[PDB]
Structures are given as C-alpha cells and as structure tokens.
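Participant: Quick one, structure for this:
(chains A, B, C, D, E, F, G and H)
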Amino acid sequence: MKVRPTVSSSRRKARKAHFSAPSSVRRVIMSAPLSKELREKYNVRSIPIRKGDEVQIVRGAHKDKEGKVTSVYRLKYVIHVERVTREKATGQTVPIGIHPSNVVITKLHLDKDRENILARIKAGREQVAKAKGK
Amino acid sequence: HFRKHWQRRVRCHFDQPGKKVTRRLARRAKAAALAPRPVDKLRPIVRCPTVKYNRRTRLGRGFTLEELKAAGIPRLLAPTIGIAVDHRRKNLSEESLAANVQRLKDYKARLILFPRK
Amino acid sequence: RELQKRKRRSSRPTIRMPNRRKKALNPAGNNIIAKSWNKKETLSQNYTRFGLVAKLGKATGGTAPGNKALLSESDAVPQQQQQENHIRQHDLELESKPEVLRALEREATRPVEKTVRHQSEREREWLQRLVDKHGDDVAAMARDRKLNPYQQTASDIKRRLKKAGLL
Amino acid sequence: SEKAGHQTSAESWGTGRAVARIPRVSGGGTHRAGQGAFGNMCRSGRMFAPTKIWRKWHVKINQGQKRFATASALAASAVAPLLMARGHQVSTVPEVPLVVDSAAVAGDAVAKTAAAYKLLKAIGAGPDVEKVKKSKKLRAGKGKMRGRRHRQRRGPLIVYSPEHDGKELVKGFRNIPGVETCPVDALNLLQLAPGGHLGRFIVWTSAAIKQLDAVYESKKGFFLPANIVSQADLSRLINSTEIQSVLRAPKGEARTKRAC
RNA sequence: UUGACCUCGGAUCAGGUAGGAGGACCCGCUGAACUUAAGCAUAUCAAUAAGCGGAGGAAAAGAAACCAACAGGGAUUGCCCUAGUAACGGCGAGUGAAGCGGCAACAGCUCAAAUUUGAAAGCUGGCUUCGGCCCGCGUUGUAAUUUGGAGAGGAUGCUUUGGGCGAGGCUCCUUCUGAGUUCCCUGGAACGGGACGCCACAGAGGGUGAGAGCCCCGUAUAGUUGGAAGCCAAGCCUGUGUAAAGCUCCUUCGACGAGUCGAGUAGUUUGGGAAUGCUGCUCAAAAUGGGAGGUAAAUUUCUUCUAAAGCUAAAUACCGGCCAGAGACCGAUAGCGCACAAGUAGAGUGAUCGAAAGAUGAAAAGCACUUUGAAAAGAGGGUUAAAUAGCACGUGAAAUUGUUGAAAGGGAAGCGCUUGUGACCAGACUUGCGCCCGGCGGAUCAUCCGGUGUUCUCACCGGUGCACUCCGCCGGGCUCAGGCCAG
RNA sequence: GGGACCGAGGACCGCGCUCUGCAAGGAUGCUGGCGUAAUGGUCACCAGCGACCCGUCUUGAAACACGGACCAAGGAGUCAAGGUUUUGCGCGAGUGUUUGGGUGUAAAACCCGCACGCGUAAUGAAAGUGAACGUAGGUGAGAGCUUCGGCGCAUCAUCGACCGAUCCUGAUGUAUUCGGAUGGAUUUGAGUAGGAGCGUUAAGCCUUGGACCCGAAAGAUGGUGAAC
RNA sequence: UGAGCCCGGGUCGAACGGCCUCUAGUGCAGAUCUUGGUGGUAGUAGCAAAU
RNA sequence: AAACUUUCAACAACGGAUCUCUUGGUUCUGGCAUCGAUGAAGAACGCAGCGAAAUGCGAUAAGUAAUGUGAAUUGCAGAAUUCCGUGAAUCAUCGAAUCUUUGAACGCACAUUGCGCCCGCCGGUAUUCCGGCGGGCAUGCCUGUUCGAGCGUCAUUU
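Facilitator: Residues are numbered from 1 along each chain as shown, chains lettered A, B, ... in the order given. Shown next is the structure:
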C-alpha cells in the first residue's frame, strides 16, 4: 500500500481536494480513455479531453451514442456532447450531462501540444517496457 | 502531593518513538557528515569517585596531558584525529595513567590516518 | 484559530512546504564510502559491511548478531612495559577483509606529492652575496654587520645555505 | 478540549427567581441569553469527567509472559484442528506446518507477486487467498467515516529467514491481499493469535525452522517451559490398565432408575 | 589679531537605528486572594493567577572561586534513579532538594592585565576611470602575540602551509511511466449476481447514475525531462614573503578583574543562620592572597578551585507561524462559540456578552400549457425509478389537531382476576412409510474390458451386456401409522 | 355404591401377589368430531368482585411539605498519582525489556549492555555487634503413608538452644589503663531457629486532585462608568 | 418469569447483523433539571409596549 | 337520537426524533523558522455588466508583468477574444510592478477630504492672479560633514 509520507489516505482530504481542485487539476481528473484503434496507433491509454474530440458513450442511459464534444463544464465535472440533449418543460433542448469516465475517445483534435503529450506518454511507456523486458 | 495544579503542569510521553527515530536520524546524519570517521570520539577509562562504586570503572571526559604525551600523540593534533582532551583531570596514579596509555596505544594501532589533501 | 479559518475562507492558494532537512541522511560524493553506502540499510549495518568501527563509546544496548560495528625492570614503572623528548606533531608515524576497508587502506598508503617549499629571490640574492664575501665561515657570516643586518645565528645561516644548495 | 463547555460567561440567578438554580448566561439581546451553561445536563455545557490525555493507554506485559504466549501460539499453529477453529480454510495442504523449500522461496524466484501466487496455489494456500478475496466486505459503523472502511479475513503468514531467504518475498507477498509476511527472528503474537484466537495458518520454510531452533535457544533469561502435565491425553490417563485395575467397583450407572 | 586643544550646542546635511505586533514555549520585575488545617491568624495555596518590560527558532545556562574525601571525578543541558532520603516545619496541616550511578548530546574559546617602540603595522567616511586618492577616529591606545592545569624570550633542530576557478554530486520542486468498460440477468443507471480473463516492488484513498486493483486521478520500485538555491567536491591555474606556525631545551621572566569580597543590619526567598540566594543602608579589605570544604586526633596541619569581564552549536520546552501525516475520538442539542452570513445577526454608554441555522434529486430534467383567482393559494396536465421526493424538498416518532367509522357516558377517570357481546385478523398433522405382483431403465451386478487419482487400497470415469443381485420409475394389490379435542 | 381433581415418568431391572399374568418402581383400550374454520389474538363495551398518585423527606408511626401540563433528545460514582485486600498469570531467592540503545513490513512487533527499584539476617538510643550444643532440639497431638511393625507435612501448647540490646557475673591477660571470657536475669526484638518475593491482570476499599451531578454570601487581581 | 428477541403487513431508500473477546462519553420519570416542540386555560382577559 | 366528552382504527395536519451521510471539530505525531518606518497587526473607503453575501484587489483596483500548462468562462448577458498559438483560463507557479484614507503614524490639526512652510512643474488674461500636481518637512540616539559659543585653556617679538 502507500509508503511515501507525502501521500495521504484520508478520505476527508481526498474529497476536499477533489471538490476544490483548480481547473488544470480538474482537466487531469477529467482525462478519458482512448478507443482500441487509437490505443494500438498511439501506445497511450488515456489523455485529457478537449472541445474537438469525437467521442462514443459506453455507460449510462444514452449508451452507444456518438458525437463530437460540445463543451467541458469543469465546474460540475461534466462534458456536453453533440446531439445528446433533453427537452425541458418549455421544450428547449439542454445537453444531457455525461462523464469523461463514462465516455471513450474515438477521434483526437490534434495540435502541437496534443502531439507532444502523446509523444511524452508513449516514450515513457516504451522506455519502461524495455527496462522491464531487458 | 496534589496541592498544586498538576492539571496545568502535567506533561506526557506520547512522542517517545518519534524522539527515538529522530535521535537515530541525527546520529545517521552525523555519520553521513563524518562518513569514514566514527560517530563518537575516543574517551578515557576513569574510576567512579564515591566509595560505593570504587571497584567499577566508566568513561571519562577526556584524556590527560601526561597520558597523551606518554602515548606519543600531540595535544593539538589529538582532537583532529578524534581524541577527547580534558585539561582539568590529573592522573594521580600510575595505574590509571598506564591504563589510559594502553587504551591510546590500542587506538593508534587500530587507527588509519589519511594524508591531508 | 481565526487565522486558520481565514485561510479556510480565503481563495488564496495553500503554500505547501517541501520536506527539507538541514542535514543529509546519506553520504554523497565520489569517495569509497559514498559509492559503497547502502541507503536502505542503517548506520550500524553499513559500518559492518565497510569494516569500520561506528561508535567508540560503550554499547548502550543489545546488538545485532555478529555486527562487530560497536566496540626485568629495576625501576618499577609499567610505562617501560607499555613502550614500544620531541614527537612529530603534525602527523602520526603509523607502522579476508572488506573491499571498502582495503580500498581505504590503499588510499591511505598511496604516496602523495611533496610540494617542497622554496625560497624567495631576495633571500637567494642575500645568501649569494654572503657566500661571495665570507666564503663558508659560519662564524664570520654571523659576525658581519653590513651584509647581515638581521643578526641571525650562524646555525640559522648554515641551514639556509644548505636549503639553498650552495655550501 | 480543556476549555470546552466553560468558555462562556454565566452566573446563577440564585433563589431570587422561580427557575432552576443553574448558572445562566448574562445578556438580554440574543437567543443564547438566559440559557443554562456549565452543566452536563445543559445543552452546550461541559461533559461529566472530560476525557484527558493522561489516561493509561499502553499496558506493560512481562517479557516472560509474552515469550510464553508466543510459544503457545506456535504450538497452536502446529496443532491442526486449531486452524479450522480460527477459521482458516485448511483442506488441500498436505502438511499442517507446511515447510516449503528455501531454494524456491529465496532470491528473486518469488519476488514477483505472480510467482508468489503460483507458489501459494501449488502449496495449498489458494483456498485461503480466495476466501479472503471473497470475504472482502464493507465495515458497519463509523469506522468508514474515521478511515476504516473495509474488513476482510486473514491469510496465511509466510515465515522466512532474512539471513538465507532474503527480503524479496516480503514485497511479493505484501502485494497479495490477506497474506502477511513476518521474519523468524521477530515473530509477532498479534499475527500468531489474531483476535486472541489460536491456530494461525503459517507457511514455514526450512531455514525458518532451523532458525526457530537457534533463536529459541538464544533468548537469554527464558527457557522452554516444562508443562505440569506430561501425557496430555486425559483419555489415556483415565482409560489405562493401571487405573482400571486399581479402581473399585462402580456404585451405579450413568442414568439411575427411579426408585419410588 | 591669528591658530590650536577641550567642552557644550544648532543644520529639512549624509548614512542608519527605536517604537508597534505576536507572546504556545523563554528571560526578568512585581505580586494576591479563595482553600486546607472540619473554627483561624504562622504556614499552605504560591515564589502561582492578574499587571509591567524584553528575544529567538528555540530561549536560558555553560566551560568551576565545582563535585567531593575518592583507587577520584571534571563546561552546561534533559530523562531514570537517588526520593518522599537528607533537611525544615502552629514538628499539625505539611514542605522538600542535592552528590553519586545508567543514559542522550558533547566543542571549546575571546579579553584587561606587557613596550610594535628598529617605525599605528589598525579602522570610519566620500571620490572614483573601481586601481587607489584623500578626510577623519585614534597614543587618555587601534593591529599582531598572550589568558594561570598557561605563556613570553632566546637557543635549538625537526615538521606544516596560502589563494582563484571548478566538471560533477547531494537536497527540493516538477514530465512521463500496469492491467476488462468481454458476454448474460437485475435495474433509471452496474460499481450488484454469474461466466470467462489480465496486472500487481501498484489490492492506500477518492471520483464516476449502487460494493470498481484492471473507466479516471492517483497508488509501488526503479528510472527519466527541465529548473532554484545552498553545501560538498574530482580536478586545473597562481603562489615568495629571509612570511607565518607547532614543538624541545633553559646560568632569563611570568602581569591574573574593588564600594568588589567581608562585618553589622532591614526586607524578600529557600529544604537550608556555616545567613539558602538576592536586594537596600553603615563601615569597608588582602597579596606566602582569596573561596569552598575535611578533621577530636592535638592544631586549625589536610583537600579542591580561582569570584567581582565576555562568547559559544547539541541533546531540552513549544495551546503560537508555514505545512504534512494519522486516531479503538464526536457525528449537527454531539464535536471548538462557529460544518452554513460566525466572533456574524443581535444587546449594552462602556469594558464586554453573543446565538439560531446541514441533507430535493443521478442529472433541474426546479412543473411547459389550460383553467380558477390578489395568494407564500388550487383543479387539470407534464418531468423523474419515485413528486404523499416540488427549493415548506434524504427517512419522517411522540406530544397536539382534524375528518370518517365503531362503541360508551345518571356527581371522576384510569388498573387487576374472570367471562360475554361486537369488530378486525390469523389459520390446526409440514399430513407417509412399508410390503406383494407385472413391465421398463440404471447400476459395489459381471470372478467383464479400458483409463485416471490415490490415504496403495480405496475411489471416480469411458465401454459392453441383464444370467444372478440391488436400486429406482410406471401400472396394479394389501397393510399400517399418525395432530388435537370429547364420550 | 355415587361424585369431584389429575395421568406426572417413558426399553428391562425392584418389591411382591390372588403367579398360563396381575390393580406389583405413575393411562391405557374403544368410538366419534375437527378446515367457508377447531382454536386463538388485539381493540371497544357491558357485567361480578378487588383496588388511595407517584418519587423525595421527616417521624415510632402517620399527617405535613417539596417536584410533576405533555412529548422527543441530553442528563449525573469518571480519570489519574499514591497506599491496601483478595482472584488469576509468569518467574522465583530472585524479580522488573520498553530511561535508553539495537532493530523493523516503522507510534506496532522483536532484542538487551550497564545501572536502578523491592526482596533474599537481625538488633541496639548509640559505639557497633551479629543468629546450630542436640536429625535446627525434645515431648504430645496432628493430614497422610505404612512391610501393620511403625514412619510422620503444615500448625499449635509446653519444656528447650542461639543472636542483637539492657542489668549483672568479671578469664588469660593489658601499653597499666584496656579488654570481655565464663555463668547468669520474673528481660526486651517489628529476632534466628532450613527464605516468599517482584512484575502483571481483574474486582473492592482509602487520600488528593473539579472528584457522583446541581446549587452561597464572600475575597483578590485588572479594567468600564458616573455621583449622593 | 423478566429486562428483551424473532417473524408477518405498510413505508423506505444504502448500508447492517449473530457469536468469542477488547473498550467506554453505555440503559432515565422525576433533579421548581437543559434545549426544542406542543396543549388546557381560550378564541377567554382585553384593543394596552411590541406586533 | 343529535351536540359535547372518552377509547381505538384508517387517512390527513403539526413537529423534527430515529437510521444514514459529512469540504467540520478534537487529540497525537513529523519537517522547517518567516511580521514591522523599504510602513506591521488592525480599521475605513472604493474597484464587477447584472453584486445581494463571501472572496480578491487598490484609481494599473475580482486586478497587471513573467514563467509553466495547453483550449476555456459559466447563473445570465459577451467578444469579429483565442486554437499548429508568445496562447484561452474565476488556471497553477510566482523572482517584476501598482499599492486610496487611517492605524507604532511621522508638517499642524483630525469630529474638516481643513490649515501650514521649502524646492520644481502644469493649465487658465499671466514676472505678479487663481487652481492643481510632483518632491519634501516627527522624535531620541550612533557615526561622519558643516556651522557656532565659551577669559575653560595653550601659545605666537626671530
């Protein structure tokens, strides 16, 4: 189990940090896994998501619905995806709230920073894989 | 004997393992600083003063000037090689002087000295 | 208390401090002890492996098994038995074992650069003139006043000349 | 807190007014004003006999008794039914001490948790590991609030020799749930008799046994106790030839007939 | 007339410094009372509480005018023990140490007393081209040497050096580093049950629509990117000056703290009239000196240290500051007064006193629209798994109240034993074995064959059959046994 | 002869008798009824009989008096240090690791080098002295064992023995002012006379701490304000 | 016997229990007890400060 | 018989008890040493589009610089603000700045946004007038610089 004295197992502190984390930590928490073809194409398991990712749903009442991410509401720990909407009493469509942990990435909005992130994670992975192997 | 405020002047010992590990870390830090040297300086063999403990012997504060001279270790160089020196103590007996000389000679025979820079 | 609660309420970051200690817990450097030191082991065990004595004082408690880290005269004086008016005072003349111990022994027994001290140009010139005038008579060079203002002893002059090289 | 309950200003109204003679807070401009204080019967007052830090927490136990009870726990672990008595599911292992080879439990051969699991399955600790895994459960009470959320059964205790077997099995069995690891030189009674119940299932090794011998002879001031009874079998003691010969004739039967 | 030297002042001259705060721990001053003594006054409380002044991360103390009577110890500090001993006491209440010993830590020094006198060799300021030029301080004494278990001076012959760079290393922040969202059911949702797997030096914790090692952050070890500041440091360049330093020896020297010790006396304090220590007043020292001890040993013999100047890390305390980790703790009348607008709302002229108050739902999806009507209000209708979950919202007791229904009530009710009437509710032994026929199928049946595991003599399978044996299933046939209550 | 209440136990054993079994150490045999209801439960009411409202406090007793509008939650012999009795446990004339040091999977567990605490010899005011004449004594009981001849635990009573101290008795001898030998005493001890203690747990009691909970007037310390 | 325990029916939505031990802030009708809520008096007294 | 009163059942009110939960409290332990005249603790006034409360900030005012991360804010309004970018953010770090009136509080007064004196500037008829702005003006003490006083005191005809 935990050995490093810096880490704490206190549920109180853990919940306080989770519910009062700043936006970058919220992004890190709302990282999401990549699909299969993506995983065998990039050698990465999960990266934080953005507003331009085509995503597929694997959990919830709207399972197997595909669309592009509309927004990432960091304050409520939720993401808004296209075409997954509910109607209010008046009939106006509000996008239904779904979690990054309950969605899986199908396509990446690739820029310089994203390519750098995947390169760093991958390179670490084969580094440690080779270290274990030989 | 509880006439006074032992409530305001009671102090506990819940930090005993903490102080023990702190002392161990402190002596380990001293060892890390003086990595090849021993942690504690050599000390002479002295006798307990009182009549109740005459036959028993213990460790002193530092070696006598006459003992150092007999052992052939300079006064100014002994503290640099780790020998405690006590200017206040006097020998007053050939038995104790010889015992401390033998101890210092054993220290010399077991000591390795490195050549400055 | 109110100060802690104000830190609770304020939207100011908590200034977490790093675990910084005054003294390093392990030795560091390109020396034998630092290279062969084992971080996980304790001081006593490390000194057992090195082959050196950690504490010169009396053992204050039970030790680990096999550590070895903690430790005719006509005139009747025991000092004649113990013996093997000036002594060398800047150094001591000293007369199947761990690798660290042998490495330290080799390092101790390695020869060292002499770095021989030499003499100044004016001292050389003064000695040269004194030799030129008085030949090799130590008494005469001590007797002289003009060439020898600092009334150094003849033996002093002789050893300076010997160190310089010329008789 | 030492100041809890009496960090309040209150003076008893006395016999002047027709109210209970209890110290009541002064002031006249708050819902608090006029309420009771300082009492264990009053809300927001001090408790009766407030808990103090100088209570006796640690208990001094004689080293002789501790060593005696550790030896008794080891004998209980040697006794086979006591494992069932303590709850360890012991039915597939071919030997109740279960000494395993130091060759296969030493070095890096058992450093991997997968290797440790395969060794446990081969020697027969697999049922016990599955038992603890399936008994992984939620605790009932406020321990969940106080940082003790789950409770599980206890696994086998691996005993080794740090001098000959090393310290890789320590981590290898550290990761596996339920199972614990303890050196032969520092046997722990808390692990030997969990919850006060005897019969802990311990997976031994040959070096561990040869070092139990050495340490139990090495302990100074302690000797293996001589028991007050030589033949533990009371059935042997009673149903023996000498006793049955020396006994007199019975005066009745186990169940006596009713006379009148 | 002039110019000094000394002293005293001014300048909105130049450079700095002191306030206040905090005060948990620390160093001093000052300083009670309640209580106990079953009354109370000495005493105790207490050298405490309040008040005043002053620092730090520790402070303070600290290198003997010590302990001791030793076969000696050897700065200070903290623990255990000494010890409830000695000692003191309205000898009542009570008070109450210390040496020694085992430990933790351990580090020693700077001055005044000297003539550098063959050379004030020392230091402040402003002016700088930053290299060296002045001014001033100062001889009524700044450098070097020296500080009494020492030293100086000569002779003497051995042995030591000093600076500047500095790769790289350690400390700490950071980047990255394992495995199922496979199939079926339940469900609003799977993190639940079943089946099949994987990882693990990682099965701590938290989030995700319900108990998630493998969905996610993190978690473990070894690494790896970049950066900050301290310390260390392999090595590489300069040294230079008849410069410093340690010793040995001796027909040469060896200065050591004053209204301070001490005596008398008042107060305070302590276990301590050799006044326990200190303060105030009067007098007032010594140099084979002074202090404190030992001792009847025969006279103050003997022992051990140098007071009136100063510095100093570590072991030690810590309700305070910056953090961090935990608990056999409390769980919204509890836990801090404050889980939430909490020193807030509020009261008092003022010092001060000081509360009450958490939970919709997974997600507001927070009730569109129609229709009553003056409202914190309804009837439809809709959202949700559920709205008698509707911002009066997790569940929703009792006290108290209303409607409906039943019964009862001639100046008390309520309770006990025993029926009766009415109302509502429940539902008795769980209700079977055995034998005999005819058929059918399986098997410790077969001295049947083959295989596997084993306690090696016991099991379990695969394959033939029904001659015998045993089981069942079917269709007949007969018997018996039963729970309660009455006569 | 008529009537009432009950059937306790559950193979045999025993005592017996009127002996092919019987009324003899305890009920069986036969028949019938029982599921749209045998038998029950709660509520309400009526009916016979009984029946002061609780706690506290005082008194020989009552009688007074104190508290009670109701319901929910809170609510009172607790914790330390020091003594003491008893039970269990470990060791045992020794006992106690946990001041500390070593170690560790790290407030855990394991380990122990030197001390220290109490005890294992006492008495006297003190100098100091210092526990065997007898199987550590006898006699008589005494649990128990026994070759039945006798051995005898613990403990008690008596007669003994010794030690410290007190009052004597006053040896060789002695430095000529020192000594205690021997034999005594209706003596004294918290003495010897073949050790029981140390640690720990559980319960009980005592003292002081807030001390089971609640409840004076007062006194002191430091501040705020006005006034006859 | 009893303090209490088990089940049936309704509601309800996330944790809980039996036994062996260990521990304690462990069992209420009173205390003119504390807090909170709610009654008769009473739709009465009286329109009084507050509201 | 109704009304009223009493008991019970169903249902509905009141109320917040019980179970559950906890970004809280309490206790213990470990690492480090850091307020202020270069203006501290504290008080006040302002700064947002909609700001009540709380927080942040100080006329550069929910704040600026720089670095790092890498595509948001979010209750509503909003950008032609920014997406292979020196680049969003109610982001993190944080070495650079701004820092209103008070307060040890410092030109005098303090209950006035009042009253002063020295140096410089600005605009409006402007060498004169007015208003504003910048730099300043506390005390005790230390060192240095300068000035002054004193028959205190020394001399000075070679």
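
Participant: Next to RNA strand H, which bits of chain B? Give me the list.
Facilitator: Chain B has residues B:12, B:14-15, B:18-19, B:21-22, B:25 near RNA strand H, with proximity defined as Cβ under 7 Å from any atom of the strand. For every residue, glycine as well, the C-beta is placed using N, CA and C.

Participant: swap that for chain A, sorry
Facilitator: Counting by Cβ under 7 Å from any atom of the strand, chain A sits next to RNA strand H at A:11-12, A:15-16, A:19-20, A:22-24, A:26-27, A:48-52, A:71-76, A:110-117.

Participant: give the contact list for residue 17.
Facilitator: Looking at chain A here, since you left the chain open. If you count contacts by Cβ atoms under 8 Å, 6 or more residues apart in numbering or on different chains, residue A:17 has them with residue A:25.

Participant: how close does it get to residue C:19?
Facilitator: Distance from residue A:17 to residue C:19, counting by Cβ to Cβ, to the nearest Å: 19 Å.

Participant: How about stretch B:57-76 and RNA strand F, any contact?
Facilitator: No: Stretch B:57-76 lies out of reach of RNA strand F by Cβ under 7 Å from any atom of the strand, never closer than 7.6 Å.

Participant: what does that stretch rub up against?
Facilitator: Under Cβ under 8 Å, 6+ apart, the answer for stretch B:57-76 is B:42-48, B:78, B:81, B:83-91, B:97, B:100-101, B:104-105, B:108, C:57-58, C:79, C:82, C:87-90, C:92.

Participant: export that stretch as PDB, just CAs?
Facilitator: Provided in PDB are the C-alpha atoms of stretch B:57-76 (Å, rounded to 0.1, in the frame of the first residue of the first chain):
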ATOM      1  CA  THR B  57      35.100   2.000  36.100                       C
ATOM      2  CA  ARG B  58      33.500   4.100  33.400                       C
ATOM      3  CA  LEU B  59      34.200   6.600  30.600                       C
ATOM      4  CA  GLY B  60      35.700  10.000  31.400                       C
ATOM      5  CA  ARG B  61      35.500  13.400  29.700                       C
ATOM      6  CA  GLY B  62      38.900  13.500  28.000                       C
ATOM      7  CA  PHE B  63      42.500  12.200  28.200                       C
ATOM      8  CA  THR B  64      45.200  13.700  30.400                       C
ATOM      9  CA  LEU B  65      48.100  15.700  29.100                       C
ATOM     10  CA  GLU B  66      50.600  13.200  30.600                       C
ATOM     11  CA  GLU B  67      48.700  10.300  29.100                       C
ATOM     12  CA  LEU B  68      48.800  11.900  25.700                       C
ATOM     13  CA  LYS B  69      52.500  12.700  25.900                       C
ATOM     14  CA  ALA B  70      53.300   9.100  27.100                       C
ATOM     15  CA  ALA B  71      51.200   7.700  24.200                       C
ATOM     16  CA  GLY B  72      53.000  10.000  21.800                       C
ATOM     17  CA  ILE B  73      50.000  11.900  20.400                       C
ATOM     18  CA  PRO B  74      50.400  15.700  20.300                       C
ATOM     19  CA  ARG B  75      47.900  17.800  22.300                       C
ATOM     20  CA  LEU B  76      47.000  20.000  19.300                       C
END
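
Participant: Is any residue of it near RNA strand E?
Facilitator: Yes: for stretch B:57-76, a contact with RNA strand E is found by Cβ under 7 Å from any atom of the strand, at B:58-62, B:65, B:74, B:76.

Participant: which of these are buried?
Facilitator: B:60, B:62, B:74 (16 or more other Cβ atoms under 10 Å in any protein chain shown).

Participant: Nearest to chain D among those residues?
Facilitator: Chain D lies nearest to residue B:60 out of those, by Cβ to the nearest Cβ, at 30.1 Å.

Participant: Pop out the phi and psi values for the closest one.
Facilitator: Dihedral angles of residue B:60 (phi, psi; degrees, to the nearest 10) stand at phi -90, psi -160.

Participant: now, among the buried ones among the residues of stretch B:57-76 next to RNA strand E, which is nearest to residue B:34?
Facilitator: residue B:62 (18.5 Å; Cβ to Cβ).

Participant: ok, and the closest non-adjacent residue to the closest one?
Facilitator: Nearest residue to residue B:62, sequence neighbours excluded (Cβ to Cβ, 6 or more residues apart in numbering or on different chains): residue B:86, at 3.1 Å.

Participant: Now for the one you found, how many residues are close by?
Facilitator: 16 (other Cβ atoms under 10 Å in any protein chain shown).

Participant: Name the SS class of residue A:67, please.
Facilitator: Secondary structure, DSSP: H, G, I helix; E, B strand; the rest coil: residue A:67 is strand.

Participant: Residues of chain A that sit close to chain D?
Facilitator: Applying Cβ under 8 Å from any Cβ of the partner chain, one finds that chain A approaches chain D through A:9-11.

Participant: out of those residues, which is most surrounded?
Facilitator: Ranked by the number of neighbours (other Cβ under 10 Å), these place residue A:11 first, at 13 neighbours.

Participant: and the closest residue to that residue other than its chain neighbours, which of the three is it?
Facilitator: In space, and not counting its chain neighbours, residue A:11 is closest to residue D:147: 6.5 Å by Cβ to Cβ, 6+ apart. Under three-state DSSP, residue D:147 falls in the coil class.

Participant: distance of residue D:147 from residue B:18?
Facilitator: The gap separating residue D:147 from residue B:18 is 21 Å, by Cβ to Cβ.

Participant: Run a quick neighbour tally on residue D:126.
Facilitator: Applying other Cβ under 10 Å, we find 16 residues neighbouring residue D:126.

Participant: That one: what's it in contact with?
Facilitator: By Cβ under 8 Å, 6+ apart, the contact list for residue D:126 reads D:92, D:120.

Participant: wait, does the longest helix along chain D make contact with chain C?
Facilitator: Secondary structure of chain D per DSSP state H: the longest helix is helix D:63-78. No: Helix D:63-78 stays clear of chain C (Cβ under 8 Å from any Cβ), getting no nearer than 12.5 Å.

Participant: buried set for that helix?
Facilitator: Residues of helix D:63-78 classed as buried: D:67, D:70-71, D:73-74, D:76-77 (neighbour count, 16+ other Cβ under 10 Å).

Participant: So which bits of the host helix or strand of residue A:132 are buried?
Facilitator: Assessed by DSSP states H and E, residue A:132 sits inside helix A:112-133. Neighbour counts over helix A:112-133 (16+ other Cβ under 10 Å) mark A:114, A:118 as buried.

Participant: One more: stretch D:161-171?
Facilitator: D:161, D:164-166, D:168-170.

Participant: For the residues you listed, give me a markdown table that also has distance to residue C:101 and secondary structure.
Facilitator: Converted to a markdown table, the buried residues of stretch D:161-171 look like this (distance: Cβ to Cβ, whole Å; DSSP: H, G, I helix; E, B strand; the rest coil):
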| residue | distance to residue C:101 | secondary structure |
| --- | --- | --- |
| D:161 | 27 | coil |
| D:164 | 25 | coil |
| D:165 | 28 | coil |
| D:166 | 25 | coil |
| D:168 | 28 | coil |
| D:169 | 32 | helix |
| D:170 | 30 | helix |
